[PDB]
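> Need a 3D model of the following:
(one chain, ligands or ions: 1)
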Amino acid sequence: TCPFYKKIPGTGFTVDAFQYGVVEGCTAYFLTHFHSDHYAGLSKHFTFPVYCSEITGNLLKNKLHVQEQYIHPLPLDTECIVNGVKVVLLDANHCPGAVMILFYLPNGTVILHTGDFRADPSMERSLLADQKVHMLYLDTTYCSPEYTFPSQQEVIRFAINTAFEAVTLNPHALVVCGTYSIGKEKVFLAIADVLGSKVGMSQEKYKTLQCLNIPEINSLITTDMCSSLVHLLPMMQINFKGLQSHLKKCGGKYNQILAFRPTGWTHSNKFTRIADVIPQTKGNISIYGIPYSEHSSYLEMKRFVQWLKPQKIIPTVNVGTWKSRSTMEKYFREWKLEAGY
Ligand code: NI
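Residues are numbered from 1 along each chain as shown. Sharing the structure here:
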């Protein structure tokens with residue numbers, strides 16, 4: 001059965017609720033982004049209306065084989081009427097195609113669902129500035145003060161310089177980047193760009209990337225591994241065993257691997273700076289774990305919520321334990337008392 005935080009009161013709408021069969025009363029199913037916990041249950045046999053961004057729609061069609069007739073793509077930053085209710089989709093600053101959804105209820109209530117997001121001060125000058133929000137359905141992935149990490153810009157600087165230095169010292173070095181879903185493409189794109197290379201990958205991943213409306217993508221990626229010195233591999237394969245095995249396959253083209261594992265937060269954050277991060281090393285192979293997040297830090301989240309001043313907050317992540325729920329409500333109350341709403 002569909003949980004309460006996936007239902008929108010006073011509508012026939014659900015959000016990211018595809019793994020429960022047919023939901024009684026649902027006239028339209030919203031999908032915020034193309035990540036598997038969120039699309040879980042969609043397939044080519046689905047026969048209800050799906051509302052989403054253009055990019056999420058390209059991926060539903062080509063990767064999941066959902067039929068064209070049930071795909072309703074909406075432009076961003078645009079007031080749209082769906083089943084007689086006004087809605088707006090806004091960029092979530094998560095992965096490609098990810099959105100937040102504003103719902104204007106027929107009774108005058110205004111709801112924001114964030115989907116997954118990385119809060120940013122630029123959201124404070126979207127269409128959110130222009131009216132009040134009564135309920136906030138919030139991505140609470142990192143809702144605790146210990147969850148710190150650098151900006152995406154700083155992480156990317158670190159990766160580019162690490163790669164450029166290593167390959168300038170040893171032109172026979174190969175760079176490998178891990179991936180298991182969409183998101184974080186800037187990591188491998190920025191490294192490839194500084195090395196004057198395209199990114200090589202499997203046919204299945206090249207297909208996924210072609211769905212994303214990235215400018216000049218055909219100049220940036222390829223299925224021809226041999227021509228490229230940046231390779232993507234499934235994240236599971238980013239270990240000494242996997243990478244050794246991969247180095248064999250390149251046929252004496254390369255004598256060293258430098259690899260990057262993008263993670264969310266890791267406890268190495270609580271002591272060490274991005275400047276100071278070191279790899280794990282075995283022989284001619286080095287693996288760097290880098291903290292490239294596409295979710296809000298605690299500080300980013302707190303700033304967004306204090307600016308929005310919602311009357312009620314409904315969390316959508318970490319909801320399964322009494323201790324998590326209780327911890328989150330405490331931070332909400334401090335935030336509210338500090339800012340005066
Ligand atoms: Ni996500």
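
> Ignoring the adjacent residues along the chain, who's closest to whichever residue of the stretch 51-200 of the chain sits closest to the ion?
Distances between the stretch 51-200 of the chain and the ion by Cβ to the ion are smallest at residue 116, namely 3.6 Å. Just so you know, the C-beta spots here come from the backbone N, C-alpha and C atoms, and that holds for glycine as well. Distance criterion Cβ to Cβ, 6 or more residues apart in numbering; nearest residue to residue 116, sequence neighbours excluded, is residue 94 at 4.5 Å.

> you'd agree the one you found is up against residue 33?
Yes - counting by Cβ atoms under 8 Å, residue 94 touches residue 33, with 6.0 Å between them.

> between those two, what contacts are shared?
Common contacts of residue 94 and residue 33 (Cβ atoms under 8 Å, 6 or more residues apart in numbering): 115-116.

> Which residues of the stretch 51-200 of the chain lie near the ion?
Residues of the stretch 51-200 of the chain found near the ion (Cβ under 5 Å from the ion) are residue 116.

> For the stretch 51-200 of the chain, which segments count as strands?
Assigned by DSSP state E, counting those that start in this stretch, the strands in the stretch 51-200 of the chain fall at 71-73, 80-82, 85-91, 99-104, 110-113, 135-138, 173-179, 199-200.

> count of neighbours near the residue of the stretch 201-341 of the chain found nearest the ion?
Closest to the ion within the stretch 201-341 of the chain is residue 294: 7.0 Å, counting by Cβ to the ion. Residues contacting residue 294 under the criterion other Cβ atoms under 10 Å number 22.

> The chain - how does it break down into domains?
What curated CATH domains lists as the domains of the chain is 1-147+296-341, 148-295.

> picking that back up, residue 122 is nearest to which of the strands of the stretch 51-200 of the chain?
Ranking those by distance to residue 122, with Cβ to Cβ as the measure, places strand 85-91 first at 9.0 Å.

> Measure how the closest one sits relative to strand 99-104, angle-wise.
Strand 85-91 and strand 99-104 are oriented at 150 degrees to each other (axes from the mean of the first three to the mean of the last three Cα atoms, to 10 degrees).

> what pairs with strand 85-91, and is each one parallel or antiparallel?
strand 80-82 (antiparallel), strand 99-104 (antiparallel) (DSSP bridges).

> Name the SS class of residue 251, please.
coil (DSSP: H, G, I helix; E, B strand; the rest coil).

> returning to that earlier point: and the strands paired with strand 85-91, which is most packed in?
strand 99-104 (a mean of 22; mean count of other Cβ atoms under 10 Å).

> can you give me the strands in the stretch 201-341 of the chain?
Using DSSP E, counting those that start in this stretch, strands in the stretch 201-341 of the chain cover 221-222, 230-234, 256-263, 280-282, 285-291, 312-315.

> Take those strands and write them to JSON lines, including distance to the ion and mean neighbour count.
Output for the strands of the stretch 201-341 of the chain, formatted as JSON lines (distance: least, Cβ to the ion, whole Å; neighbours: other Cβ atoms under 10 Å):
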{"stretch": "strand 221-222", "distance to the ion": "22", "mean neighbour count": "19"}
{"stretch": "strand 230-234", "distance to the ion": "18", "mean neighbour count": "20"}
{"stretch": "strand 256-263", "distance to the ion": "14", "mean neighbour count": "21"}
{"stretch": "strand 280-282", "distance to the ion": "27", "mean neighbour count": "12"}
{"stretch": "strand 285-291", "distance to the ion": "16", "mean neighbour count": "20"}
{"stretch": "strand 312-315", "distance to the ion": "15", "mean neighbour count": "16"}
